[PDB]
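# Fold and contact review
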Amino acid sequence: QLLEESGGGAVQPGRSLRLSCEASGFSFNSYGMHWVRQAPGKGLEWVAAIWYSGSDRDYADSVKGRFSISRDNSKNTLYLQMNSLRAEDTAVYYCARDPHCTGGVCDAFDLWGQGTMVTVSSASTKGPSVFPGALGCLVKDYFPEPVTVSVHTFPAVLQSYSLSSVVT
Amino acid sequence: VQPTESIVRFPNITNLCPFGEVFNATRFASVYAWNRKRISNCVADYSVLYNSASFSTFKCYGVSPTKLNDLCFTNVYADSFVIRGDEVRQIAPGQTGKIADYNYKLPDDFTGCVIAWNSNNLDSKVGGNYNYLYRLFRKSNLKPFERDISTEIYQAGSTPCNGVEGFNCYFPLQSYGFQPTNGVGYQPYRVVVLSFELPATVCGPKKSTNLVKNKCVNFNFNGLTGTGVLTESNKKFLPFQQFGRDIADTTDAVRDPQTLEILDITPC
Amino acid sequence: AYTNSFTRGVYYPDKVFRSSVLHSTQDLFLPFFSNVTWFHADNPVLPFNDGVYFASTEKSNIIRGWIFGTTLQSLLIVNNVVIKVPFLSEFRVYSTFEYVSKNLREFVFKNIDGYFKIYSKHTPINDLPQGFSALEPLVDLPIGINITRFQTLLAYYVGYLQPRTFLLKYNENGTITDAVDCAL
Amino acid sequence: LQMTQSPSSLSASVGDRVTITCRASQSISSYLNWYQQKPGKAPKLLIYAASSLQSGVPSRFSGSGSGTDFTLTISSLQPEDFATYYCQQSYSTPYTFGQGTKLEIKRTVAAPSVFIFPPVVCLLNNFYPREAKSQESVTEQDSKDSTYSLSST
Ligand SMILES: *[C@@H]1O[C@H](CO)[C@@H](O)[C@H](O)[C@H]1NC(C)=O
Ligand SMILES: *[C@@H]1O[C@H](CO)[C@@H](O)[C@H](O)[C@H]1NC(C)=O
Ligand SMILES: *[C@@H]1O[C@H](CO)[C@@H](O)[C@H](O)[C@H]1NC(C)=O
Ligand SMILES: *[C@@H]1O[C@H](CO)[C@@H](O)[C@H](O)[C@H]1NC(C)=O
């Protein structure tokens, strides 16, 4: 049993995206389902939740009136429909399951998922321009994360992305 | 001939029973999946439970609540679930409703106790308490002591359905909407049903006396009473047998459970 | 293969000593004069409805134990007894409970009311005689599961218990010597 | 509701006790959960309902408290228990998380090795603890000897 998320990676500001979460290997309809995001280098944050009835649901303070959570108990899927994105809605999004009380765990979401990066910016998809040092790399002016380098590797920084990796 | 004194001979067991692990748990189970636990080989003090001011319902049925420290019991259980306020009156023999017909059903020859209390300050959230559920639709009734954890889709119409939800096809569970400002009557009450059956292992804390013979006294060997003259016996018990009867179908030969010895009961 | 037992299967149904009483009793019993299903020693999975009579003549420690389950939680008995909740030579039976403790071994099992019961006896012989023994209770196992199919293990006989009604006679010492069948 | 978690930084040696405190801002109940996040992966459940261990977690971790004061406590560390620790309230919707207590490994003071690359990048390699010198970028603990690495541009 696991929870795999599909879903996009890059959009313009002010558009829409539709995420997914395909549970497999358990009884899907008897649990509640939540969405939890994570801004890069920051703490966790709670986003949405849907329960058994199909018309009872909650949202955060910020995103309420912009997102729309809904499930579908036949295809074992959970959806999130983001609309009118802002700048700071960029994160990694997780889906998690919280059981109901039968003796064991209760309302502490215990099983989690992969995570699908969502980047919201006005930039366009660009490859890098690798410059050699004198020893290390200066991988500069790309979009979006991630990108691997074949020993230290430094985290990338936003520019008004460019990272660097230095071999000892 | 009048008796002289009394004799009690219980087994030599000392430890206490796990009753804290049933009554003082951090959170119970919902009623459609009610929990269940066996209690065996321990010393059960029912006085300390009965004489608490916490319990707002204590209705023992086959046995009276006062004389629970004296008997000896076989097949003790303990069942923990959570129900509403105006539904405690259905945890009884021969009641009808929804909790007693689709969720938890007690038989007619019931011998146990039914304890409840008010736990509004432990089971109730300010939003909606979506984690205690109960079954609402089921095709038929239940047996005694039969559980049904099956979240398959229901069909209230003549047309069939599938694993989808639509018109006249419903999801069978439902949640209580526990809320810290519900009126008294929709608040969460928290129930434990004991049940036992009257070879015993678990019983009460009566201090064991020492055996006297050959005269007319009282006797209590594992919850079995009477008066009689405890002679020395000649009967040849195979080591699984404990009691012993005649064609008059009364107890006449007993194994002393402390020191393994066969005794006879001749009536005074 | 269908052979016949003619008088077997009676076991003590209660833990009450008696003496010189013609007592009447209603439980599960092996029906007298029943076509028991003699197997041959190869290990068929079998039906298990109420309780199974199991008799095996024996020479050199061939019969070892049983498995009890539904889909094959499940129950194991291996012969020194091991109980936990194929063939055995080497331990190649398979890939939360414990207990420990010529020939004609005769077992009777049951599974009622959350408890698992075993009644036992084994006597000398030189197929199945006219002799009449009884089976003392040997263990009581509270595991409370759904047993519907069992399979014997190796390095015998199988009947089936129908709900019947007997009348029994105890001797002076408190031992069964004869059984009267009232529903034959 | 507004949950306040402290201390924000921590450094301990292998075999100590640590005390994380997570005070709420109005009383709840036994509704509090504790999570562990090794850097990179998903989080993981440790303690639910303010005091109960989750099946799979060892009996080394144990939390306690109710009302407005809650506390997680490890008995004696292992090298696999170094992460960020979060505390979540389950009482009102929205469910707010905490801030995190990053749990570090302690060693003795070492020296940086300063390089410079012409066209610039100034490499400060393999020092401890992390201190100061057009933006800067620092790594995590190099878990063979628990040492930093830094750069500036
Ligand atoms: C439950 O715990 C309280 C202490 O919080 C104790 O006084 C009470 O006796 C306990 N109930 C039992 C053991 O049944
Ligand atoms: C035993 O088998 C014979 C074979 O024909 C059959 O006629 C008879 O009814 C069977 N009797 C019992 C008691 O099974
Ligand atoms: C017991 O096992 C049988 C297998 O033949 C199954 O059909 C039945 O539903 C089982 N009963 C329960 C209560 O699981
Ligand atoms: C009853 O037991 C006595 C033991 O003294 C024995 O001698 C006698 O043979 C037994 N009775 C029968 C019928 O075997």
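Presented here is a report on the structure given in the accompanying data block.

### Thoughts on the overall build of chain C
Along its length, chain C carries 0 helices and 16 strands. Relative to its length of 184 residues, chain C is compact, with a C-alpha radius of gyration of 17 Å against a globular reference of 16 Å. Across its three principal directions, the C-alpha atoms of chain C cover 50 × 35 × 30 Å. Relative to its 184 residues, chain C shows a buried fraction of 41%. Total accessible area computed for chain C in this model is approximately 10000 Å², and 52% of it derives from carbon and sulfur atoms. Of the charged side chains in chain C, 15 are positive and 15 negative; the average position of the first set lies 3 Å away from that of the second.

### Describing the interface of chain D and chain A
Counting residues at the interface gives 32 residues for chain D and 33 residues for chain A. For the pair chain D and chain A, the summed buried surface comes to about 2500 Å²; carbon and sulfur atoms form 66% of the total. Viewed at the interface, chain A and chain D are joined by 0 salt bridges. For the pair chain D and chain A, the interface holds 7 residue pairs in polar contact. Among the secondary structure elements, those contributing two or more residues to the side of chain D that touches chain A are strand 4 (32-37), strand 5 (44-48), strand 9 (84-89), strand 12 (122-125), strand 13 (136-138) and strand 14 (149-152) of chain D. The class makeup of the residues in the side of chain D that touches chain A is 16 nonpolar, 13 polar and 3 charged.

### A short note on the arrangement of the chains
Contacts between protein chains span 4 pairs of chains, and they are most numerous for chains A and D. These two, chain A and chain C, are apart from each other, with no contact and a minimum C-alpha gap of 19 Å. Nowhere do chain C and chain D come into contact; their C-alpha atoms are at least 16 Å apart.

### Some points on the site of ligand 3
Within the structure, ligand 3 sits among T70, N146 and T148 of chain C. Burial of ligand 3 by the surrounding chains reaches 25%, relative to a free accessible area of 360 Å².

### Focus on the interface of chain A and chain B
Between chain A and chain B, the contact holds 14 residues from the first and 16 residues from the second. Summed over both sides, the interface of chain A with chain B buries roughly 1300 Å², with 58% coming from carbon and sulfur. Where chain A meets chain B, there are 1 salt bridge. Across the salt bridge formed by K125 of chain B and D107 of chain A, the nearest N and O atoms sit 2.7 Å from each other. Across the contact surface, chain A and chain B share 7 residue pairs in polar contact. The residue makeup of the side of chain A that touches chain B, split by class, is 4 nonpolar, 8 polar and 2 charged.

### Things to note about the pairing of strand 10 (residues 227-230) of chain B
Residue and element names in this part refer to chain B. As paired elements, strand 8 (residues 216-218) and strand 10 share 3 bridges and run antiparallel to each other. Residue pairing for strand 10: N218 is matched across the bridge by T227. Bridge count between strand 10 and strand 13 (residues 261-266): 2 bridges; the pairing is antiparallel. In the strand pairing of strand 13, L230 is matched with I265.

### Considering the pattern of salt bridges
All chains considered together, the criterion is met by 18 salt bridges over all chains. Between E261 of chain B and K213 of chain B there is a salt bridge; the shortest N-O distance is 3.0 Å. A residue pair is termed long-range when its members are at least 10 positions apart, and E261 of chain B in strand 13 and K213 of chain B in the loop between strand 7 (202-203) and strand 8 qualify at 48 residues. For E261 of chain B, a relative accessible area of 25% translates into the label partly exposed. Residue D81 of chain D pairs with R60 of chain D through a salt bridge whose shortest N-O separation is 2.5 Å. With a gap of 21 residues between them, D81 of chain D in the loop between strand 8 (71-74) and strand 9 and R60 of chain D in the loop between strand 6 (52-53) and strand 7 (61-64) connect regions that are remote in the sequence. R60 of chain D gets classed as buried once you look at its relative accessible area, which sits at 17%.

### Focus: a nonpolar patch on the surface
All names here are of chain A. The grouping of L135, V151 and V167 at the surface amounts to a nonpolar patch, some 290 Å² of accessible area in total. Residue position: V167 is located in the segment after strand 14 (165-166). For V167, a relative accessible area of 37% translates into the label partly exposed.

### A short note on the nonpolar core
Burial of nonpolar side chains together is a common tendency in soluble globular proteins. Within the largest apolar cluster, 47 residues are counted, with the highest numbers of intra-cluster contacts made by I83 and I91 of chain B. Of all the elements in the fold, those that place two or more residues in this core are helix 1 (20-23), strand 4 (72-83), strand 5 (112-118) and strand 6 (189-197) of chain B. Residue contacts for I91 of chain B: discarding those within four places in its chain leaves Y61, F81, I83, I99, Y104, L106, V114 and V193 of chain B. Grouped together as the second largest cluster of nonpolar side chains are 28 residues, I50, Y59, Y93 and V120 of chain A included.

### Regarding the packing of aromatic side chains
All names here are of chain B. Under the defined criterion, the tally for this structure stands at 54 aromatic pairs over all chains. The rings of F19, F23, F28, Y46, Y50, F55, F58, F73, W117 and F196 are connected pair by pair, giving a single aromatic cluster. When the ring centre of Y77 is taken as origin, the NZ or CZ atom of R36, which lies over that ring, is 3.8 Å away.

### Considering the sheet that holds strand 1 (residues 4-6) of chain D
Sheet strands associate in pairs through backbone hydrogen bonding, adopting either a parallel or an antiparallel arrangement. Residues and elements named next belong to chain D. A sheet is described by the order of its strands in space; here 4 strands give the open sequence 1-3-8-7, paired in antiparallel fashion. Sheet topology places strand 1 and strand 7 at the edges, where each strand pairs with a single neighbour. Across the sheet, the mean angle from the axis of one strand to that of its neighbour is 15°, orientation sign disregarded.

### Points about unusual backbone geometry
In this structure, the amide linkage connecting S6 of chain D to the following residue, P7 of chain D, adopts the cis form with an omega of 5°. Structurally, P7 of chain D is set in the loop between strand 1 and strand 2 (9-12). Here the residue pair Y128 of chain D and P129 of chain D is connected by a cis peptide bond, since its omega of -5° sits within 30 degrees of zero. You can see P129 of chain D is positioned in the loop between strand 12 and strand 13. One non-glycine residue, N214 of chain B, lies in positive phi territory at about 65°. Relative to the assigned elements, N214 of chain B resides in the loop between strand 7 and strand 8. Residue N214 of chain B is classed as exposed on the basis of its relative accessible area of 58%. The residue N61 of chain C is not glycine, and still its phi comes out positive at about 65°. Of note, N61 of chain C is situated in the loop between strand 6 (53-58) and strand 7 (66-69).

About the thresholds
- Residues numbered from 1 in each chain as written, not as in the entry; some residues may be left out.
- Chains lettered and ligands numbered in written order.
- Heavy atoms only, no water.
- Helix = DSSP H or I, 4+ residues; strand = E, 2+ residues; numbered from the N terminus.
- Rg over C-alpha atoms; globule rule 2.2 N^0.38 Å.
- Buried < 20%, exposed > 50% of the residue type's maximum accessible area, 1.4 Å probe, protein only.
- Areas by Shrake-Rupley, 256 points an atom, 1.4 Å probe, with all protein chains shown as cover.
- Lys, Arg positive; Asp, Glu negative; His and termini not counted.
- Charge placed at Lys NZ, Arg CZ, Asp CG, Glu CD.
- Contact = heavy atoms within 4.5 Å.
- Buried area = accessible area lost by both parts, 1.4 Å probe.
- Salt bridge = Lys/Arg side-chain N within 4 Å of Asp/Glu carboxyl O.
- Polar contact = N/O pair within 3.5 Å; in protein donor to acceptor, adjacent residues only side chain to side chain.
- Nonpolar A, V, L, I, M, F, W, Y, C, P; charged D, E, K, R; others polar.
- Near = heavy atom within 4 Å.
- Pairing = 2+ DSSP bridges.
- Patch = residues over 30% accessible without salt bridge, like charges linked within 9 Å, V, L, I, M, F, W, Y side chains within 5 Å.
- Core = buried A, V, L, I, M, F, W, Y, C linked by side-chain atoms within 4.5 Å.
- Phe/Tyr/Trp six-rings, centres within 6.5 Å; stacked < 30°, edge-to-face > 60°.
- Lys NZ or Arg CZ within 6 Å of the ring centre and 35° of its normal.
- Axes fitted to C-alpha atoms, helices over the stretch in contact; angles between N-to-C directions.

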